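Chains as they are written, first to last, in the authors' numbering: chain Z, 90 to 180; chain W, 764 to 882; chain L, 2 to 124; chain V, 1 to 71. Even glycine gets a Cβ: it sits at the ideal position worked out from N, Cα and C.
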RNA sequence: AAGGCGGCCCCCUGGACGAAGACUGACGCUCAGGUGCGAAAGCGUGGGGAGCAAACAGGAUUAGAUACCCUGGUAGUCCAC
RNA sequence: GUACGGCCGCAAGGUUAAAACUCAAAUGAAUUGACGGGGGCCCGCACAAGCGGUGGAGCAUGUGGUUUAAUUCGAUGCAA
RNA sequence: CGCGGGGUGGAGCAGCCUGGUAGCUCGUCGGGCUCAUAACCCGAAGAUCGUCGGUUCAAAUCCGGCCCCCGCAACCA
């Protein structure tokens, strides 16, 4: 079956650091796992308007090829926000 | 710039001239072409392609457009892609089948007319 | 060390590098104000210090301090600058001479007036 | 003496720059470099990247301001 | 001399030290420039290739883990010039 | 030990070798502490050896949070 | 009327042709580690396994419908 593995994208994870581990996150998805993005804000229940949805959204948008995301969640639970990412579903 | 003037009258005129030029006012432009769209098509990139028929003038690529329905303007913007068939020509004359699509325009309805105008 | 060595290569004193090259060994220089602004200083200080960028009669363009409380200076102000760094403002190596050319004196000064271009108040 | 052309306008912490530095966007118009007031730093008072804050602005340089009111 | 040199045997060869006395008769010391030597990695051509192992792949650990650990493994490590 | 120039190298690079700019320091050894999941030696219910617990349940109680007109003020890692 | 692959817990999976209490990850809430946080570690919560009829000892897995998502497909100016 499809497993849950995970990646994180903290703030201060931009292109450099970031898309290196977008490569890591391909890898997760491409094993045939459902790769769960966890944001972990320096922040709160509304940390950001920046932190999350640059990253997350560009992770989707770059990975969009292979993966898509289940939801663009933008409901933070705690000081951290799960964007859930899956294999792109065959219709 | 070094300019010397024998009389004060030739000076008082040109300083004004320098000032008049400084101004940058656009009070309205001249439509380049007016076209009506029919039989919308779907595109992955722009989200929509509205088939068009130019009734007057010539449609151009980078010139701004005014999308209006029933005399009121539903939407405004500048063309990104002007494409007829697979040709993707930058210019379309009047009474020639034409094609159009733009980003950030969600709803294409028949009967409305798009007004393109040069600046 | 060797005498022989010094005889081949004499003692050679280092040439002093200046701290106010824009002055070119002049006591003051004149210049037009290019930008007039404020800037914050270095650890541990904190303020909005008045400085200006000034293009000098000799082409050099430098930043210069505008000391005193209050000044009426703007772009195209023609001022006189003198040597004198501002320590908690790196890059700032000159001072503006209050009360010369377009630069006014400090308003209402009573002590140290001559360092701020202030006439002696009738009294 | 100390002139009085200072102001106390408010704004919101935008960026979390280095060494108690912030992008603080003035509710008024724009944002300024805003540094943390001595007082405030002495009494600690960490300052998250998204707080309503009070700024002291010298007309001399509107581009800059000091954070006075903690939150 | 420094770099560095370790199984055993032979061949070619440099230096050091000791004993005794004979010979030469200051032929000495140092050395900018010059010349030669100079670990490992690296480079070129052709060989060689057990073990090890940059790179790389896979398995794990971890919040992440382009690492540390594991299973593999190419250059390289070996020979000649 | 960078740039420019020269010489050298198939290359990687080497060699010679500056200035502007910026700071009031940078540095060496030793000293008294503190600290160590750098090291050595040594102590304490610190571990180890044991006996009984807390973490589950119901209630008492304090705090946080949430609520409120008000839930008065303070105590907040071991040391609230 | 027209193809693909799927429906299990909040989200994504495993348990499949090998039909007997549905377990494994990220989140959730706690506990532990730290001076403290991140990270990490011990843990508990969390389900008509889409929905029905068939079929059977007992069918998650067994068939077919209703139905839904994705897949490409179809609208590819």
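Supposed contact pair residue j and residue i - C-beta distance, whole angstroms, cut 8 angstroms
{"i": "residue 882 of chain W", "j": "residue 863 of chain W", "result": "At roughly 19 angstroms, the Cβ-Cβ gap does not stay under 8 angstroms, so residue 882 of chain W and residue 863 of chain W are not in contact."}
{"i": "residue 11 of chain V", "j": "residue 26 of chain V", "result": "4 angstroms"}
{"i": "residue 66 of chain L", "j": "residue 61 of chain V", "result": "About 14 angstroms separates the two Cβ atoms, so there is no contact after all."}
{"i": "residue 99 of chain V", "j": "residue 63 of chain V", "result": "Residue 99 of chain V falls outside the range modelled here, since chain V spans only 1 to 71, and no answer is possible."}
{"i": "residue 130 of chain Z", "j": "residue 121 of chain Z", "result": "Residue 130 of chain Z to residue 121 of chain Z, Cβ: 29 angstroms. No contact."}
{"i": "residue 157 of chain Z", "j": "residue 177 of chain Z", "result": "4 angstroms"}
{"i": "residue 118 of chain L", "j": "residue 107 of chain L", "result": "7 angstroms"}
{"i": "residue 824 of chain W", "j": "residue 842 of chain W", "result": "6 angstroms"}
{"i": "residue 13 of chain V", "j": "residue 50 of chain V", "result": "6 angstroms"}
{"i": "residue 20 of chain V", "j": "residue 109 of chain L", "result": "That pair is no contact at about 34 angstroms."}
{"i": "residue 155 of chain Z", "j": "residue 172 of chain Z", "result": "The Cβ separation is near 16 angstroms, so there is no contact."}
{"i": "residue 97 of chain L", "j": "residue 53 of chain L", "result": "7 angstroms"}
{"i": "residue 86 of chain L", "j": "residue 5 of chain L", "result": "No, residue 86 of chain L and residue 5 of chain L are not in contact; Cβ-Cβ is about 44 angstroms, not under 8 angstroms."}
Helix, strand or coil at residue i [DSSP, three-state]
{"i": "residue 143 of chain Z", "result": "helix"}
{"i": "residue 161 of chain Z", "result": "coil"}
{"i": "residue 105 of chain Z", "result": "helix"}
{"i": "residue 22 of chain L", "result": "helix"}
{"i": "residue 151 of chain Z", "result": "helix"}
{"i": "residue 172 of chain Z", "result": "strand"}
{"i": "residue 57 of chain V", "result": "coil"}
{"i": "residue 779 of chain W", "result": "helix"}
{"i": "residue 130 of chain Z", "result": "coil"}
{"i": "residue 135 of chain Z", "result": "coil"}
{"i": "residue 772 of chain W", "result": "helix"}
{"i": "residue 8 of chain L", "result": "helix"}
{"i": "residue 123 of chain L", "result": "coil"}
{"i": "residue 177 of chain Z", "result": "coil"}
{"i": "residue 115 of chain L", "result": "helix"}
{"i": "residue 859 of chain W", "result": "coil"}
{"i": "residue 789 of chain W", "result": "coil"}
{"i": "residue 105 of chain L", "result": "coil"}
{"i": "residue 881 of chain W", "result": "strand"}
{"i": "residue 57 of chain L", "result": "strand"}
{"i": "residue 31 of chain V", "result": "strand"}
{"i": "residue 39 of chain V", "result": "helix"}
Buried versus exposed call for residue i [16 or more other C-beta atoms within 10 Å across all chains shown]
{"i": "residue 70 of chain L", "result": "exposed"}
{"i": "residue 30 of chain L", "result": "buried"}
{"i": "residue 48 of chain V", "result": "exposed"}
{"i": "residue 113 of chain Z", "result": "exposed"}
{"i": "residue 113 of chain L", "result": "exposed"}
{"i": "residue 170 of chain Z", "result": "buried"}
{"i": "residue 106 of chain Z", "result": "exposed"}
{"i": "residue 820 of chain W", "result": "buried"}
{"i": "residue 752 of chain W", "result": "The shown model of chain W, from 764 to 882, leaves out residue 752 of chain W, and the question about it has no answer."}
{"i": "residue 51 of chain L", "result": "buried"}
{"i": "residue 25 of chain L", "result": "exposed"}
{"i": "residue 795 of chain W", "result": "buried"}
{"i": "residue 35 of chain V", "result": "buried"}
{"i": "residue 784 of chain W", "result": "exposed"}
Test item: CB-CB of residue i and residue j under 8 angstroms
{"i": "residue 94 of chain L", "j": "residue 63 of chain L", "result": "yes"}
{"i": "residue 46 of chain V", "j": "residue 71 of chain V", "result": "no"}
{"i": "residue 800 of chain W", "j": "residue 815 of chain W", "result": "yes"}
{"i": "residue 790 of chain W", "j": "residue 818 of chain W", "result": "no"}
{"i": "residue 871 of chain W", "j": "residue 803 of chain W", "result": "yes"}
{"i": "residue 809 of chain W", "j": "residue 865 of chain W", "result": "yes"}
{"i": "residue 23 of chain L", "j": "residue 57 of chain L", "result": "yes"}
{"i": "residue 33 of chain L", "j": "residue 72 of chain L", "result": "no"}
{"i": "residue 826 of chain W", "j": "residue 879 of chain W", "result": "yes"}
{"i": "residue 150 of chain Z", "j": "residue 108 of chain Z", "result": "no"}
{"i": "residue 44 of chain V", "j": "residue 54 of chain V", "result": "no"}
{"i": "residue 89 of chain L", "j": "residue 46 of chain L", "result": "yes"}
{"i": "residue 99 of chain Z", "j": "residue 136 of chain Z", "result": "no"}
{"i": "residue 96 of chain Z", "j": "residue 117 of chain Z", "result": "yes"}
{"i": "residue 102 of chain L", "j": "residue 74 of chain L", "result": "no"}
Query raised in the report: When you check each C-beta in the segment 23-42 of chain L against every C-beta of chain V, which residues fall closer than 8 angstroms?
Result: 38, 39, 40, 41
Requested in this report: Name, going along the chain, the residues of the segment 83-97 of chain L whose beta-carbon falls closer than 7 angstroms to a beta-carbon of chain V.
Outcome: none
Query raised in the report: What residues in the segment 53-86 of chain L have a beta carbon less than 8 angstroms from any beta carbon of chain V?
Result: Those would be 70, 71, in chain order.
Query raised in the report: What are the residues of the segment 15-28 of chain V that lie near chain L, defined by any Cβ-Cβ distance shorter than 9 angstroms?
Result: 19
Query - the segment 48-69 of chain V: positions lying closer than 8 angstroms to chain L by Cβ - result: 58, 60, 61, 63, 64, 66
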